[PDB]
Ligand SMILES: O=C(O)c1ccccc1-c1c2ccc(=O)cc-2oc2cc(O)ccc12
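Below, in structure tokens: the form deposited without the named molecule, a single chain.
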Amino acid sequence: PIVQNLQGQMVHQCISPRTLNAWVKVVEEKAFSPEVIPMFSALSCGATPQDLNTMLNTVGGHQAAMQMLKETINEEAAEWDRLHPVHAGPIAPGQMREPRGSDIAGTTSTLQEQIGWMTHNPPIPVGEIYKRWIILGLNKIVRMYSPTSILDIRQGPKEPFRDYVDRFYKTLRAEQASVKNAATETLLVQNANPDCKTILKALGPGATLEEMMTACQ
């Protein structure tokens, strides 16, 4: 990554073994549960494109997902190039060249180039632009791999309301409803069991989740 040292300058630091292992193990344990995305983002704090590729490339399973992610990346890289075309032919000697989509994705740019963009004044934050693309991809995968429709999360007749709500919002998070506060006074009540539904209906509209959860305790 690029870090500030103990004296203020932005400099390159090797990716730690700790970071490398943390990311690999989160994917091993959680696959594409939605909580993997914020973890990915945090573990990739300060990352260069190189570092991003390293993290992705260290994943051994899930190669259908990694291939889908390459595809998303390629789509975002092609839109980058449409928005910001680069002058072809030879670069002014010693000068910074402008990044293309593939340079941002770290496939046709060197670490040194990446460091130059990222630390230039003003900076071209290639690592953050690429991260956004990867996260866009990752979110598609989380949605695709969501195993259950929100329509099938219904409270069991003996199921504690809290366990139902946990299932419902974990499902909603994966399906990626933006709806989130919203769905509360509608689908969540509809999919509640008969006894709880009666209670919740009686509360009247505008009930907070806390209120709903106390009511159905």
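Position 1 is the first residue in the sequence shown; the rest follow in order.
Same protein, other form: the form deposited with the named molecule bound, not shown, and the subject of what follows.
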query	finding
is_contact(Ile115, the named molecule) in the entry with it bound, heavy atom dist at most 4.5 Å	no
Distance check, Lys140 to the named molecule in the entry with it bound, heavy atom within 4.5 Å	no
Close approach of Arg82 to the named molecule in the entry with it bound, 4.5 Å, heavy atom	no
4.5 angstroms heavy atom contact with the named molecule in the entry with it bound for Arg132	yes
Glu159, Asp163 and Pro194 all contacting the named molecule in the entry with it bound, non-hydrogen atom within 4.5 Å	no
